[PDB]
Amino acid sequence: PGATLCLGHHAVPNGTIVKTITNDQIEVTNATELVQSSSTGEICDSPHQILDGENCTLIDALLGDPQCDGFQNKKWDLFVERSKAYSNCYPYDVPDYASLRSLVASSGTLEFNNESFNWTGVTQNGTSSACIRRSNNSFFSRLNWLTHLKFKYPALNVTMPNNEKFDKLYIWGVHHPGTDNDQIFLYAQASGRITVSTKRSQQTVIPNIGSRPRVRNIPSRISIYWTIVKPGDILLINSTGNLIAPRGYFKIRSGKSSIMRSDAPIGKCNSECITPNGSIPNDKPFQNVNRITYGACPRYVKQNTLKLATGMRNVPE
């Protein structure tokens, strides 16, 4: 009689289809998904320091729009800019806006230090009805609108040395009045030319008088500029009018900070990977949620699923 001894292997009733080099559909006993394709829809507040911009863009928080006073001196790993954000101060533009936004985002701080600029001969602290702070006429908190004093505006030649061990970021502006009347009323003379310089840089800007389409009933504009001043260098501001002066400097840091546009709510939860759609788990190597990411994230791919076999070929009875 004797015996029979058979060698064999398992199988399952519910196998899964995977791709191989030689076949786009082969059934295996088990597989695991390598593409993260879902989010809960919330940006987790931990473990990255999240700063929700709410009604404020980063640049509005920087300049000091009256809706952004709560942001003073705050730091972030990720600044979250909302699509509903809007400006409610004097209408402005920033040539190279994208670059200023980027460099502030990357620095990760709105830390600001006031300095005592010598503005002898002009009226400081100009305000406007286009920039209401607690029902009073106001202006950007970090900027100083200088006007004539007793129908005189003498030439300004004002210095500020950097005797710190770090770089300083100065934000300043040029006022473009709507009319020649406005020019005279504010600065008591014809528009000139503003020159801001250091030992290693110079920027000159020409005020351009004229009507622009009204924004919150204002046909004039401010154009915003910036200057970095290195240790042992010196800021020099030379103006005969139209100067929206700095009140001090921002600290500029380096590190891991950034900015993201998202309307996702912030949640009390812990996740290392943030996308504009919300935080996502980061166990998987790939994801198809968003090309925009911050933190320890799976790599973005076009595939919505990639199944890795974790068992042998399934050969059912």
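The first residue of the sequence shown is number 1, and the count goes up from there.
- Higher mean CA temperature factor, per the PDB entry, when comparing 278-286 with 64-72: 64-72.
- Looking at 130-138 and 226-234 together, the entry lists the larger mean B-factor for 130-138, computed on C-alpha atoms.
- Per the deposited coordinates, the residue with the largest Cα temperature factor out of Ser102, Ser239, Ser83, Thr109 is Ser239.
- Listed residues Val215, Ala98, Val174, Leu143 were ranked by CA B-factor as deposited; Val215 comes out on top.
- In this PDB entry, the Cα temperature factor of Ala245 sits in the middle third of its chain's modelled residues.
- In this PDB entry, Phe79 carries a Cα temperature factor that places it within the lowest third of its chain's modelled residues.
- Annotation for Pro316: C-alpha temperature factor in the middle third relative to the rest of the modelled chain, per the entry.
- When all modelled residues of the chain are sorted by CA temperature factor, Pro1 is found within the highest third.
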